[PDB]
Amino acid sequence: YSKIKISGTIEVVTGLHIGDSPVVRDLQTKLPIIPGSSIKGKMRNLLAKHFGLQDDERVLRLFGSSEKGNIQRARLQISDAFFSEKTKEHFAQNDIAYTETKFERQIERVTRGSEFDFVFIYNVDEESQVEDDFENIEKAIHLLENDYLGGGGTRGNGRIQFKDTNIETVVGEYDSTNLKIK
């Protein structure tokens, strides 16, 4: 019943729109946010499509499902990803813009170079499957990085990168030191 914490940074590589059309924002700070659901759903679709080369246990067990029939609980809890303090300070001091509005309709985007702190929590529901689940999480990441988040994907927008990923057992004594994403 251990929990493993995956934390790191999501960096924007090309303008990010998650919804004339403003980007979604934290109510508390009015700063852009990447919702966990955005991340969850995109990683699920992508990893499903990957394996599909009728659901797959491996996708189900990490992400769960809201769909008919399913009872399987998600091992992987995905937080909202928040505008990093490092980003706020740097952009403030150097008069850098963290959003910009362009014509396609009028579209707000999070600027290249903005970074968000992210956090996944992994529940060890079945000790024998941790290694495989962690390979699959990694694969999901890589697929998201060779794809896109939110809108404007096909015109090259919404490219993000994961980096500085730290793995740590925050509940229980499960030995997670061998685990690595990248």
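Heads up: residue numbers just count along the shown sequence, starting at 1.
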In this entry, is the chain continuous from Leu53 to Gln54, or are deposited residues missing in between (none, 1 to 3, 4 to 9, 10 or more)?
-> 4 to 9
Count class of deposited residues lacking coordinates, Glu104 to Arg105 = 10 or more
Higher-scoring stretch by recorded Cα B factor average, 147 to 155 or 124 to 132 = 147 to 155
Going by the average Cα B-factor in the PDB entry, point out whether 136 to 144 or 27 to 35 comes out higher.
-> 27 to 35
What third of its chain, lowest, middle or highest, does the C-alpha temperature factor of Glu11 fall into?
-> lowest
Against its chain's modelled residues, does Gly69's Cα B factor rank lowest, middle or highest third?
-> highest
Would you mind ranking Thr99 by its C-alpha B-factor against the rest of the chain and naming the third, lowest, middle or highest?
-> lowest
Chain-wide C-alpha B factor ranking for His90, given as lowest, middle or highest third | middle
For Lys42, the third of its chain into which the C-alpha B factor falls = middle
